Amino acid sequence: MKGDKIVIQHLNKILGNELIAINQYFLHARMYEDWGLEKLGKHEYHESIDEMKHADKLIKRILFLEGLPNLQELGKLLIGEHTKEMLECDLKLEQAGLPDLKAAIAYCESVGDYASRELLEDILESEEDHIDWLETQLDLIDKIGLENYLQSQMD
Amino acid sequence: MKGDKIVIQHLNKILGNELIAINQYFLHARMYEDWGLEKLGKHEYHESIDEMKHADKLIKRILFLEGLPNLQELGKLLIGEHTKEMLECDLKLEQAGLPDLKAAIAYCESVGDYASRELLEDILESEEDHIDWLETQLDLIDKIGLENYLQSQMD
Amino acid sequence: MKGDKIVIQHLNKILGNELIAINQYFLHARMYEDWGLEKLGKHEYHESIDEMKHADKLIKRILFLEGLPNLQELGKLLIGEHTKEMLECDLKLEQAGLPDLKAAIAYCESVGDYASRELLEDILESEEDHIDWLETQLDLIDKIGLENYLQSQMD
Amino acid sequence: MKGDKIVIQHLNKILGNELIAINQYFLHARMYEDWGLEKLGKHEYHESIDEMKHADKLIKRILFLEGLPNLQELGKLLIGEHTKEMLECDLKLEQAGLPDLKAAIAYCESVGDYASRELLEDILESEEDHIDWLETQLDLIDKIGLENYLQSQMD
Amino acid sequence: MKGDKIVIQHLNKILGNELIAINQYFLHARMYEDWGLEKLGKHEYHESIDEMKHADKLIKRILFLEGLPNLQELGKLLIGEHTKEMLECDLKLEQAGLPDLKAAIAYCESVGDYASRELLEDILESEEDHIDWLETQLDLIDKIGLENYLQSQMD
Amino acid sequence: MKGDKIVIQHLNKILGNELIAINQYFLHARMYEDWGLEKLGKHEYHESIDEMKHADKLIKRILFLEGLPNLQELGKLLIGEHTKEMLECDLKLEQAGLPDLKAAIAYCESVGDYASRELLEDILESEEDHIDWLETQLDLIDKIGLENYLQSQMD
Amino acid sequence: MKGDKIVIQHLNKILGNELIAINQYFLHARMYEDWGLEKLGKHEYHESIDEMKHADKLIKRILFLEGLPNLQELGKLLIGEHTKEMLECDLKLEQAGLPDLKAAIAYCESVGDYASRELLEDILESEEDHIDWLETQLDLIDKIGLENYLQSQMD
Ligand code: HEM
Ligand code: HEM
Ligand code: HEM
């Protein structure tokens, strides 16, 4: 089925954001498990896999709309060097991708592409859940301290 | 454990090649399923997952050697538009990726990094298996014809 | 027990024929799997294993008759290069092996070695089944075409 | 995939050695069971099956490298007449194949055919285990005597 | 069904041989058990039971052909007094019973009594198996010694 | 099978290092469990068991090569007094045996003792994993503090 | 809990004896399995493991008494060249072990370290059982001969 060109452009932009998130989250997850923080590494790995599933869904939607997925464009990775830094980098990545999803949802509503809007709404809910988790982790770091928090992530 | 810098550079080169393969294979797999070729799409998806696991193993090895994985650089993907074309593109990608693995194995032998050598040997064996599969598919296309071959890829 | 010398000579001749068949069928089976023809490869592998069991049975019979099995002699191998050629080579070998079995059965009747005749009768019944299968495959090739036939051997 | 011609030659030579071992070990196994020595016959049969699997692996590797396996050439078998001679013949045959395997592994190292090196290394370890077993049996014959040794091989 | 009179005579002769075998083998088995050689006694008992089944089959075949089974004639038993002697006696009986079976099979072929020929062929195969076992046991005695051999027959 | 004398010398040196590691790790595990740090005690116990298996494998290889294992010589023991000190002592011991394994692997490659090279390669991989765990533990001590770290080792 | 210094000295001496026994028994077990003597190898392996558990118990007891286990010093190792000689060496080691255990038990009685006496009593009973087994094996060698004895150790 032929889709709207601007809808395909929005889907490609979201796909590029998801591609950035996949690499950033996987590298963060692997650097967490390297330091012995199995809990944080496992959670970041699960979030990365969720990002891969989001990218797969976007690729399927673009292909159904007779568009061309853009896997080539990989943007800047926001990689941190310590646990707090990587948590803030992940939160900033999540926040920076939120306006794009909202704009895509609004445009899909405006031109009557309701299935794409439903898919983007599911993606937006997932991104909001990740944002909530990251903010909760940072607040916990503030409440209990860095050492206690890092101890809680040991196992 | 501190590793050799040149070994880190070789591992980063292989990791970049693996990322290229991941993106190209996932795109080809999802374009196969869109055409109704479930079998070819499933095999391409499995190949992409294997490339993902190779990239994960390389990232783990680089992080163990106190290096910095380079996931930021994504090179040119060889994306095809018809089944024969994308099979040939995958074959070209695999053939181009072989010399880097062999050079990395030779260097690991030279400097005595034997665990990295075993890792790269496993990766090389997997790449050779994929090459064998791709060549078998192309020869089967030449033997039984494109129309017969594409029919067997349904379901 | 001590058997007839000429019976042992006939058994040795059939054993050499079976060894030739083992080698040819195993090579054909392996080059079938390499091309991607799983069905033909599996059937040729099973036929090869049947030839191996026949050779083992002949070795046991020769040993019981206080003779020396002759595994040193390996004659000409009729190795084909394309599927039809392989099938015709196997059929030609199987047809050339038949007169020796019939002559040996007749001789075992002449001198009253009835257990050896029963063994050779079982072997001959198996060889006739292999001939029937090969002829059926060639007739199917001539009936449905080479490309259609090769597609059915993919899986 | 096209491999090195000299690597294919080494693989073919090792395949011929494996075929010789297959024939010799099967004949020895069968003449062991004829004497009532079930244990020695069973172990020789298992060794012959292992040699068959080695030959199969070599055939597959040669086929992958786009070469022609040489099943035609079968060299001299080292057949014994009593148990001690059979064991010494098997040990001599196994020790005469180690230099070929070692040279092939060294050459595969030289030209960077690492998958072939891994295959040859696996079969070399198997041959070394067979040599260990043969030497242990020959030393046990001298430790406990021929009559005591043959009695333990009955059941 | 009315059979051929000479076929009935041959069957009666074979039955008379089978009865002698039954008695001799049962007696040998019982003295083997009495001496404490449970393994040899068990094998001899099984051999006697097999001869018993052969006699039963012969009686059934004679009765089907409207003939009169002759169980009255019991000829001389070859009873031994030590293990080697009774193994040799069994071998002598089994070898002396062979020409009658072969002559009966030849006559059944000549007159066209094919079912009787199949029965006698099965009997002949069994007798050959017993001959093989007896010769193997005697060769084992000559190879490992009487004292070692008898120790293996305790259980 | 007779092996190279220098290869046996290298294996003997590695075996002595393994025995040193066995004794030191067992003592460290016992004092860890004595202080009430069950997790550290359990991991040190498992590491000591792994060292025991390494020593067993080396002894088997030396005996197969017709050499004489040197269990008599046991070198100095790097015994620590506190958790940080014993972790550092274990890391130093593991780093001080790595060059020996690397030199042994290089020599086994040079003279063609490939099975010994594979055994030493497996041992080297195990020692590298132990080094990774020890460095991770020390970095975790630095990250979360000694008091927090020791609390997590209680259960 | 603080214990007597002399009790700790006795425990350390017993621990050194146990370490000597561990090394000697493991080496003897390995060469027993190398020669093909599975029964003797398995029993020596189990005896060695029992010695390891004895040493572990002694280490725990020394650590509980707030002492310092002496794992460093490894004394003479009575290694034999043939089965009879190694059995005599093991018996000599076990017999030389006894007086130290008896003196330690008597001293623990004298100063009222009753738990240590119970531990040493269990160890003494185990050593007495090993002595009984070793003397039984030597008496069996005398009764049935070396060649007959070694045959029973094959499997
Ligand atoms: C640096 C890049 C990537 C790495 C290191 C990576 C790694 C992985 C790993 C280790 C798995 C686990 C496989 C398993 O457990 O069987 C996985 C699963 C998966 N990945 Fe990736 N991946 C990457 C990029 C991508 C991309 C770009 C996509 C899609 C556009 C993708 C799609 C998937 C899917 C669909 C799965 C399976 C999900 C499931 O089984 O439920 N991945 N990946
Ligand atoms: C004198 C020559 C040979 C004899 C008498 C012989 C005999 C046998 C027998 C009796 C079996 C057992 C099959 C079963 O139990 O199902 C067997 C298995 C096998 N043979 Fe041989 N064989 C010979 C040569 C070869 C050769 C030349 C090859 C390959 C080049 C080969 C490859 C195999 C394989 C792959 C198996 C199956 C192993 C398995 O299923 O685990 N054999 N052979
Ligand atoms: C010096 C050379 C040594 C060698 C070659 C050796 C070898 C072994 C082996 C092969 C095992 C079997 C592990 C398993 O089956 O999972 C084992 C277990 C064990 N070893 Fe070591 N060991 C040595 C020294 C020691 C020492 C010095 C001690 C104590 C002071 C010790 C204590 C133990 C214990 C407690 C076990 C567990 C046994 C069980 O769980 O049943 N070992 N050893």
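Residues numbered from 1 in each chain as written, not as in the entry; some residues may be left out. Chains lettered and ligands numbered in written order. Part of a larger assembly, values for the part shown. Heavy atoms only, no water.

Per the PDB record, this model was obtained through cryo-EM at a reported resolution of 2.96 Å.

For chain A, the PDB entry supplies the name Bacterioferritin and the organism Azotobacter vinelandii. Here the PDB entry title reads "CryoEM structure of Azotobacter vinelandii bacterioferritin". Under the UniProt heading Function, the entry covering chain A gives this text: "Iron-storage protein, whose ferroxidase center binds Fe(2+), oxidizes it using dioxygen to Fe(3+), and participates in the subsequent Fe(3+) oxide mineral core formation within the central cavity of the BFR protein shell." UniProt, in the comment section headed Sequence similarities, describes chain A in these words: "Belongs to the bacterioferritin family." (UniProt positions renumbered as here; feature names shortened; annotations may be inferred.)

J.: Explain the nonpolar core here, please?
T.: Generally speaking, soluble globular proteins have nonpolar side chains that are buried together. Formed by 326 residues in total, the largest nonpolar core has its most connected members in C:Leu120, D:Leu120 and G:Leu120. Non-local contacts of D:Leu120, meaning those with residues more than four positions away in its chain, are made with D:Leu11, D:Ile14, D:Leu58, D:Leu101, D:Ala104, D:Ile105 and D:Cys108. (Core = buried A, V, L, I, M, F, W, Y, C linked by side-chain atoms within 4.5 Å. Buried < 20%, exposed > 50% of the residue type's maximum accessible area, 1.4 Å probe, protein only. Contact = heavy atoms within 4.5 Å.)

J.: Which parts of the structure should I look at to understand the interface of chain D and chain B?
T.: How big an interface is tends to be reported as the loss of accessible area on association of its parts. Counting residues at the interface gives ten residues for chain D and 14 residues for chain B. Across the chain D to chain B interface the summed buried area is about 930 Å²; carbon plus sulfur atoms make up 51%. Viewed at the interface, chain B and chain D are joined by two salt bridges. Across the pair D:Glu109 and B:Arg117 runs a salt bridge whose closest N-O atoms are separated by 2.7 Å. For the pair chain D and chain B, the interface holds four residue pairs in polar contact. Only α2 (38–64) and α5 (114–144) of chain D provide two or more residues apiece to the side of chain D that touches chain B. Broken down by element, the residue count for the side of chain D that touches chain B peaks at four residues, all from α5(D). (Buried area = accessible area lost by both parts, 1.4 Å probe. Salt bridge = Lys/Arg side-chain N within 4 Å of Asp/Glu carboxyl O. Polar contact = N/O pair within 3.5 Å; in protein donor to acceptor, adjacent residues only side chain to side chain. Helix = DSSP H or I, 4+ residues; strand = E, 2+ residues; numbered from the N terminus.)

J.: Hey, could you run me through the site of ligand 1 in this one?
T.: Around ligand 1, a shell composed of 20 residues is seen, among which A:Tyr45, A:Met52, A:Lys53, B:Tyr45 and B:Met52 lie nearest. Those residues lying near ligand 1 are distributed over chains A and B. Of all elements in the fold, only α1 (5–34) and α2 (38–64) of chain A together with α1 (5–34) and α2 (38–64) of chain B reach the threshold of two or more residues within the shell around ligand 1. The biggest single contributor to the shell around ligand 1 is α2(A), with seven residues. (Near = heavy atom within 4 Å.)

J.: What is the right way to look at the UniProt feature "binding site: Fe cation 2" in chain A in this model?
T.: Residue and element names in this part refer to chain A. Summarizing the sequence annotation, UniProt attributes the feature "binding site: Fe cation 2" to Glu51, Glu94, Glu127 and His130 in the numbering used throughout. The greatest C-alpha distance among the residues just named is 11.1 Å, despite their covering 80 residues of sequence, which places them together in space. On the secondary structure map, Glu51 appears in helix α2. With respect to the helices and strands, the residue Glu127 is situated in helix α4 (residues 114–144). The residues contacting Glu127, other than those within four sequence positions of it, are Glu18, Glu51, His54, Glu94, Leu98 and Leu101.

J.: Would you explain the relation of the copies chain D and chain B in this entry?
T.: What relates the pair of chain copies is a rotation about an axis plus a shift along that axis. Overlaying chain D on chain B yields an RMSD of 0.2 Å, the required transformation being a rotation through 120 degrees with an accompanying axial translation of 0.0 Å. Overall, the copies show the geometry of a three-fold rotation axis. (Least-squares fit on C-alpha atoms.)

J.: What is the right way to look at the coordination of the iron atom of ligand 1 in this model?
T.: Between any two of four tetrahedral donors, the ideal angle at the metal is 109.5 degrees; between two of six octahedral donors, it is 90 or 180 degrees. Protein coordination of the iron atom of ligand 1 rests on one atom only, A:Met52 (SD), at 2.2 Å. The residue A:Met52 is located in helix α2 in this model. (Donors = N, O, S within 2.8 Å, 3.2 Å for Na, K, Ca; no water.)

J.: Explanation requested: the site of ligand 3 in the structure shown.
T.: Around ligand 3 sit 20 residues in total, of which F:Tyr45, F:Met52, G:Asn23, G:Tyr45 and G:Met52 are the nearest. Proximal residues around ligand 3 fall on chains F and G, making this an inter-chain site. When residues of the shell around ligand 3 are traced back to their parent elements, those giving at least two are α1 (5–35) and α2 (38–64) of chain F together with α1 (5–34) and α2 (38–64) of chain G. The element that contributes the greatest number of residues to the shell around ligand 3 is α2(G), accounting for seven residues. A per-class count over the shell around ligand 3 returns 14 nonpolar, two polar and four charged. (Nonpolar A, V, L, I, M, F, W, Y, C, P; charged D, E, K, R; others polar.)

J.: Could you clarify how one ought to interpret the relation of the copies chain A and chain B in this entry?
T.: Overlay of chain A on chain B (RMSD 0.2 Å): rotation 180 degrees, translation along the axis 0.0 Å. Seen this way, the second copy is the image of the first under a two-fold rotation axis. Closest approach to the rotation axis among the C-alpha atoms of chain A is made by A:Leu74, whose C-alpha sits 3.4 Å away.

J.: It is not clear to me how the packing of aromatic side chains should be interpreted in this structure. Could you clarify?
T.: For any pair of aromatic rings, the description rests on two quantities: the centre-to-centre distance and the angle between the ring planes. The final tally for this structure, using the stated rule, is eleven aromatic pairs over all chains. Ring geometry for B:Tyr32 versus B:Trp35: centroids 6.3 Å apart, planes at 80 degrees, classification edge-to-face. According to the relative accessible area criterion, B:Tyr32 is buried, its value standing at 1%. The partly exposed category is assigned to B:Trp35, whose relative accessible area is 42%. The ring of C:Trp35 carries B:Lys143 above its face, with NZ or CZ at 5.1 Å from the centroid. (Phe/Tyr/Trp six-rings, centres within 6.5 Å; stacked < 30°, edge-to-face > 60°. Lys NZ or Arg CZ within 6 Å of the ring centre and 35° of its normal.)

J.: Would you mind going over the environment of G:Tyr149 with me for this structure?
T.: Residues and elements named next belong to chain G. Within the fold, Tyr149 resides in helix α5 (residues 146–152). C-alpha separation for the pair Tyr149 and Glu127, spaced 22 residues apart in sequence, amounts to 24 Å. If near-sequence neighbours (up to four positions away) are discounted, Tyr149 is found in contact with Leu40, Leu87, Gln137, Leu140, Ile141 and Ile144.

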